[PDB]
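Undergrad: The structure follows.
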Amino acid sequence: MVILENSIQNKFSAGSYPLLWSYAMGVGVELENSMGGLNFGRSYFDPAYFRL
Amino acid sequence: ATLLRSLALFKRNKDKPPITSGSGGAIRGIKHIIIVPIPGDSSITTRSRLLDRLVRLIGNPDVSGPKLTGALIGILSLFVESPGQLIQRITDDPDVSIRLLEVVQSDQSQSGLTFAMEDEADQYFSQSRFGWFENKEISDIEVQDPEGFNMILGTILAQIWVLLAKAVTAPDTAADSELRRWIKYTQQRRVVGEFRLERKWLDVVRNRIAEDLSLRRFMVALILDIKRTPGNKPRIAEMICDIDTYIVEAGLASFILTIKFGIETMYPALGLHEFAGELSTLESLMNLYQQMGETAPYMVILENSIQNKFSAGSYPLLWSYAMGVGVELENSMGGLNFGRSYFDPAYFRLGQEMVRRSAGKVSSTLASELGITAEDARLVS
Amino acid sequence: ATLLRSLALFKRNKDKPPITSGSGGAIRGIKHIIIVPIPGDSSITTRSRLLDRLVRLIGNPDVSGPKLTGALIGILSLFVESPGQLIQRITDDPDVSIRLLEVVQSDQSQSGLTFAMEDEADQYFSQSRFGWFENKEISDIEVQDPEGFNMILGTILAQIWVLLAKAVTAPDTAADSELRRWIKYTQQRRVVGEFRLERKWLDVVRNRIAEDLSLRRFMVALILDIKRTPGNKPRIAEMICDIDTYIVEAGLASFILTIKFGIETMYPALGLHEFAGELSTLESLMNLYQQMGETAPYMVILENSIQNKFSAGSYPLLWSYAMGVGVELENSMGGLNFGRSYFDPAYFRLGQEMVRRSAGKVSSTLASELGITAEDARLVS
RNA sequence: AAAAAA
RNA sequence: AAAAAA
RNA sequence: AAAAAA
RNA sequence: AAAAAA
RNA sequence: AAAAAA
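Protein chains in written order, with the deposited numbering: chain B, 313 to 364; chain B', 2 to 117, 123 to 132, 141 to 395; chain B'', 2 to 117, 123 to 132, 141 to 395. A prime marks a further copy of an entry chain.
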């Protein structure tokens, strides 16, 4: 849906769940040596949750 | 016991919209004609030159009211083949009769377009006050290849459809935000980056969309027609149905938000009796929001009669509570203006403190779902 | 009876840190960009030449503030593969946005490095005032074998991480002490002995680490990331986690020391009522010291807000007592400066005399542990 | 804020 | 209302 | 929009 | 009526 | 009969 640029890849965007996204950003940095290379920088990032 | 069943039926018909049987043609608006220039032929050269003349048509101060309305409807439908059939499909408006004149290119005319009539045409289509693209190295956008037209058309329409998101709610505030969506479509390579219109051009459109109702009815009701297209859409429609997510509930953010933070978080300060009735008001508006159908999220773009019913004044305490919850839980909602005559700040700080007291305080209505022990709940605190 | 239980809960929430629920993006610092040059490629030749240019970059007077900050962060992360992923992992700072530019080697450049841009690069990287290695027979450290780089990198980093131990507490006094740690790593054959930097080079770094906070937050928070590495560390990380023992509680020596000599020695001059409340203040700060977590020993490197709470002014009598005990029991603590406006020398000499009176005076709270007789206690006296 | 710590 | 608190 | 995946 | 949302 | 309600 994001290769095709579908209209409802805005709906799976992390802005509708920005706290639970940041939490799962916080979990996945330690549990992957790969996800350390993931860029995740958005205007809704909420780093308080990320360190929780 | 039988009081509460009588109470529940009493509250749901109070919110229930009156069933619209109809007055049989009794109440009909006086119709004013709106001059909509639609390209005469399918060929790209005509579409391109009409898009060139309509873009600079809008910028000048001289253009009147419905001349600016028809020029906007003239370019909001250039992306389809046969734009004339698109307009008559959409206009269910009582206040507006669209008369739409075909426009063919010409050799002898000063503008280069005639009406299918050479001097009446340039009288329709025609230096600091003229609005144009913000880099003045570009004078004419007339192109020949159709994908060069289809990219220069979406570059214009993605700067007009983003205005509808914040035209009735925050015109003054809006210019900060539609540059973020412009970065979104430039980095997605949806739009061409050098063709950004002036803010002076967009302030003519934005103060037009805010002013008249007949343009907002057209712009909403074609989005609802873009959404219904079954297959993969054409690439302008798949962009207009991308901007619409910024227009869906554009102005119900005292109701969508309250539900998101008041109802859904389920802090223990909903078993207050002070809220026990304003949940039942708010459970009817949730049932009413699909009773209104698919035109429900646009009820404040369209200025519908029952966006007074989703106003926060009918539940002013449970609104203020969900204002108190949502200030801490969003770094975005700190920028939300919420100032009303029914604000009740006593409740707002009761809703602020429920976020702060239950910081590391894993619930009881979701711990049985997982199996959280007292060993595990202390680790979160 | 019920007064003392109310008193114990009153004192522990007075020391208890306020639970940080958060202001939802309300208080955000204005971010200044810091130019961090990170090597473009994994190959040793680039790492070596960038280390060569960043070492002499620091010495010159011309370098500004954050240019010196990014050059230090540029070499404090050269020991990892992919230094770019290390920086973004660590910087949780609100005041600083790290933009980090990759640096690749070149044939045509004057410095020998370009940015992945050949004149902007040497404008970034470029005689008595220049700081360098103290033996001027060495001009260029560029090496090719990677263990010759890994030894010349640890020789530089073991002279920068030792500065953090005594940068905020004793900058003037410090130069006497980091030569002792330099002897420690030279005799352990951790560092290369001939590559000792000037004191003039180190005074640029030490007066930088003392000045800005954003460099001390990076240096602490990567040490806390070095410490978490599960297996055997890389040999620079196992050296950075060797220097950190000199940084753990680097400035809480009015609290760590008081506990060591006041509380732990358990002389009979703790049953004074003059101390009976300042034990209860100090038993909360011991419980608070793991409530702060693993960032507790660095609370005065980081200039945390609650290193005022571990200050000796809240227990000024029991501090002075443990100053009196620790002067005789250490030939090292005679060099400790302890001069404050709350010193109370009456107590200090009461704590000096408890060491002197009970010289050969084996206790009663540890004699029952062993079974010391009056025959045996006279032999110690 | 201050010492010492292979 | 009063002091001291890197 | 971002990572990794015989 | 107000915020944010690849 | 009384208020408030984009």
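Quick reminder that beta carbons are idealized off the backbone N, C-alpha and C, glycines included.
1. Taking the straight line between their C-alpha atoms, what separation do you get for B''/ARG48 and B'/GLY207?
2. Looking at the unbroken alpha helix (DSSP H) that takes in B'/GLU103, where does it start and where does it end?
3. So, for B/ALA336: in the same chain, excluding its five sequence neighbours on each side, which residues have a beta-carbon less than 7 Å away from its beta-carbon?
4. Could you check whether the Cβ of B'/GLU344 sits closer than 8 Å to any Cβ belonging to chain B''?
5. Quick check: the Cα distance between B'/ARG222 and B'/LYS375, rounded to an integer number of angstroms?
6. For B'/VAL37, name the three-state secondary structure that DSSP assigns.
7. Below 8 Å, can you find three or more Cβ-Cβ pairs linking the stretch 325-339 of chain B' to the stretch 250-263 of chain B'?
8. Can you say whether B''/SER228 is buried or exposed, counting buried as having 16 or more other CB atoms within 10 angstroms of its CB?
9. Comparing C-alpha positions only, which one of B''/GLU212, B''/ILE174, B''/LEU101 sits nearest to B''/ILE152?
10. Can you find a C-beta in chain B' that's less than 8 Å from the C-beta of residue 120 of chain B''?
11. Give the single residue among B'/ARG231, B'/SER44, B'/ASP93, B'/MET300 whose Cα lies nearest to the Cα of B'/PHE80.
12. Step through the CB atoms of chain B' and report whether any lies within less than 8 Å of the CB of B/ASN322.
13. Considering only the beta carbon of each residue, do B'/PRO40 and B'/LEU55 sit closer than 8 Å?
14. Which of helix, strand or coil does DSSP assign to B''/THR279?
15. When Cβ atoms are compared, which residues of the stretch 23-46 of chain B'' fall closer than 9 Å to chain B?
16. So the alpha helix (DSSP H) B''/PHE116 belongs to, where does it begin and stop?
17. Note the first and the last residue of the continuous alpha helix (DSSP H) segment covering B''/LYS241.
18. Which two residues bound the contiguous alpha helix (DSSP H) that contains B'/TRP333?
19. How about B''/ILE174: is its C-beta nearer than 8 Å to some C-beta of chain B'?
20. What does the Cβ neighbour count give for B''/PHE11, buried or exposed, with the cut at 16 atoms within 10 Å?
21. If you draw a straight line from the C-alpha of B'/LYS323 to the C-alpha of B'/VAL205, how long is it?
22. Tell me whether the stretch 360-380 of chain B'' and the stretch 276-296 of chain B'' touch, counting them as touching only if at least three CB pairs, one residue from each stretch, are closer than 8 Å.
23. Between B/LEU350 and the ligand NAD, is the CB less than 7 Å from at least one heavy atom?
24. Where does B'/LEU211 sit, in a helix, a strand or coil, going by DSSP?
25. When you compare each of B'/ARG13, B'/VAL104, B'/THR115, B'/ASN149 to B'/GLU292 by their alpha carbons, which one comes out closest?
26. Identify every residue that forms a DSSP beta bridge with B'/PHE147.
27. Taking contact to mean at least 3 C-beta pairs separated by less than 8 Å, is the stretch 66-84 of chain B'' in contact with the stretch 185-193 of chain B''?
28. Could you say if the stretch 100-108 of chain B'' and the stretch 19-30 of chain B'' meet the contact criterion of at least three C-beta pairs nearer than 8 Å?
29. Distance check for B''/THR183 and B''/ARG90, CA to CA, integer angstroms please.
30. Using 8 Å as the threshold, is the C-beta distance between B'/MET347 and B'/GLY340 below it?
31. Counting only C-beta atoms, is B'/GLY276 closer than 8 Å to chain B'' at any point?
32. Taking contact to mean at least 3 C-beta pairs separated by less than 8 Å, is the stretch 255-274 of chain B'' in contact with the stretch 306-321 of chain B''?
33. Along chain B, which residues have their Cβ under 9 Å away from the Cβ of B''/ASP96?
34. Indicate whether at least one CB of chain B'' lies closer than 8 Å to the CB of B/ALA336.
35. Once DSSP output is grouped into helix, strand and coil, what is the label at B'/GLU383?
TA: In short, the structure shows the following:
1. The residue labelled residue 48 of chain B'' in the question sits at position 47 within the third sequence. The residue labelled residue 207 of chain B' in the question sits at position 193 within the second sequence. Answer to the nearest angstrom: the Cα atoms are 38 Å apart.
2. Your numbering for residue 103 of chain B' matches position 102 in the second sequence. Looking at the DSSP string, B'/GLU103 is not in any alpha helix (DSSP H); the run it does join, the beta strand (DSSP E), is 97-106.
3. One-based indexing of the first sequence puts residue 336 of chain B at position 24. Nothing listed; no residue qualifies.
4. Here residue 344 of chain B' refers to the residue found at position 330 of the second sequence. Yes, B'/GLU344 lies at the interface with chain B'' (some Cβ there is under 8 Å from its Cβ).
5. In the second sequence, counting from the first residue as 1, residue 222 of chain B' sits at position 208. In the second sequence, counting from the first residue as 1, residue 375 of chain B' sits at position 361. If you take the alpha carbons of B'/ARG222 and B'/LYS375, they lie about 50 Å apart.
6. Within the second sequence, residue 37 of chain B' is the residue found at index 36, counting from 1. In this structure, B'/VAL37 counts as strand in the three-state DSSP scheme.
7. no
8. Walking along the third sequence from the start, residue 228 of chain B'' turns up at place 214. The residue in question, B''/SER228, is buried, as its Cβ has 16 or more Cβ neighbours within 10 Å.
9. As a working note, residue 152 of chain B'' is residue 138 in the third sequence. Measuring from the Cα of B''/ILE152, the nearest candidate turns out to be B''/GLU212.
10. Any question about the placement of residue 120 of chain B'' has no answer from these coordinates, since chain B'' jumps from 117 to 123.
11. Looking up residue 80 of chain B' in the second sequence gives position 79. The shortest C-alpha separation from B'/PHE80 is found at B'/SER44.
12. The residue labelled residue 322 of chain B in the question sits at position 10 within the first sequence. So, interface residue.
13. Position 39 of the second sequence, counted from the start, is the residue given in the question as residue 40 of chain B'. Position 54 of the second sequence, counted from the start, is the residue given in the question as residue 55 of chain B'. No; because the gap between Cβ atoms is not below 8 Å, this pair is not in contact.
14. The residue you call residue 279 of chain B'' lines up with position 265 of the third sequence. The answer is coil: DSSP assigns B''/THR279 none of H, G, I, E or B.
15. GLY23, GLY25, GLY26
16. On the third sequence, residue 116 of chain B'' is found 115 positions in, with the first residue counted as 1. Run containing B''/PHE116: none in the alpha helix (DSSP H); it sits in the beta strand (DSSP E), 114-116.
17. Taking the third sequence and counting its residues from 1, one reaches residue 241 of chain B'' at position 227. Unbroken run through B''/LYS241: none, as it is neither H nor E.
18. Taking the second sequence and counting its residues from 1, the one referred to as residue 333 of chain B' is at position 319. Looking at the DSSP string, the run of the alpha helix (DSSP H) that includes B'/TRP333 is 330-342.
19. Position 160 of the third sequence, counted from the start, is the residue given in the question as residue 174 of chain B''. No, its Cβ sits nowhere closer than 8 Å to a Cβ of chain B'.
20. By one-based count along the third sequence, residue 11 of chain B'' stands at place 10. Exposed is the call here.
21. As a first step, residue 323 of chain B' must be located in the second sequence, where it is residue number 309. As a first step, residue 205 of chain B' must be located in the second sequence, where it is residue number 191. Approximately 39 Å between the Cα atoms of the pair.
22. yes
23. What this structure holds is no ligand at all, so the ligand NAD is not there to describe.
24. Against the second sequence, residue 211 of chain B' aligns to sequence position 197. Of the three classes helix, strand and coil, the one that applies to B'/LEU211 here is strand, per DSSP.
25. Here residue 292 of chain B' refers to the residue found at position 278 when the second sequence is read from its first residue. Closest by alpha carbon: B'/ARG13.
26. Here residue 147 of chain B' refers to the residue found at position 133 when the second sequence is read from its first residue. Looking at the DSSP assignment, B'/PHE147 forms a beta bridge with B'/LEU211.
27. no
28. no
29. Your numbering for residue 90 of chain B'' matches position 89 in the third sequence. Your numbering for residue 183 of chain B'' matches position 169 in the third sequence. Roughly 28 Å separates the two Cα atoms.
30. Counted from its first residue, the second sequence places residue 347 of chain B' at position 333. Counted from its first residue, the second sequence places residue 340 of chain B' at position 326. Yes, these two residues count as a Cβ contact at 8 Å.
31. Locating residue 276 of chain B' in the second sequence gives position 262, counting from the first residue. No, B'/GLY276 does not count as interfacial toward chain B''.
32. yes
33. Position 95 of the third sequence, counted from the start, is the residue given in the question as residue 96 of chain B''. Simply none; closest approach about 13 Å.
34. The count along the first sequence starts at 1 and reaches residue 336 of chain B at position 24. No, B/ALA336 lies away from the interface with chain B'' (no Cβ there is under 8 Å from its Cβ).
35. Counted from its first residue, the second sequence places residue 383 of chain B' at position 369. The answer is helix: DSSP assigns B'/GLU383 an H, G or I state.
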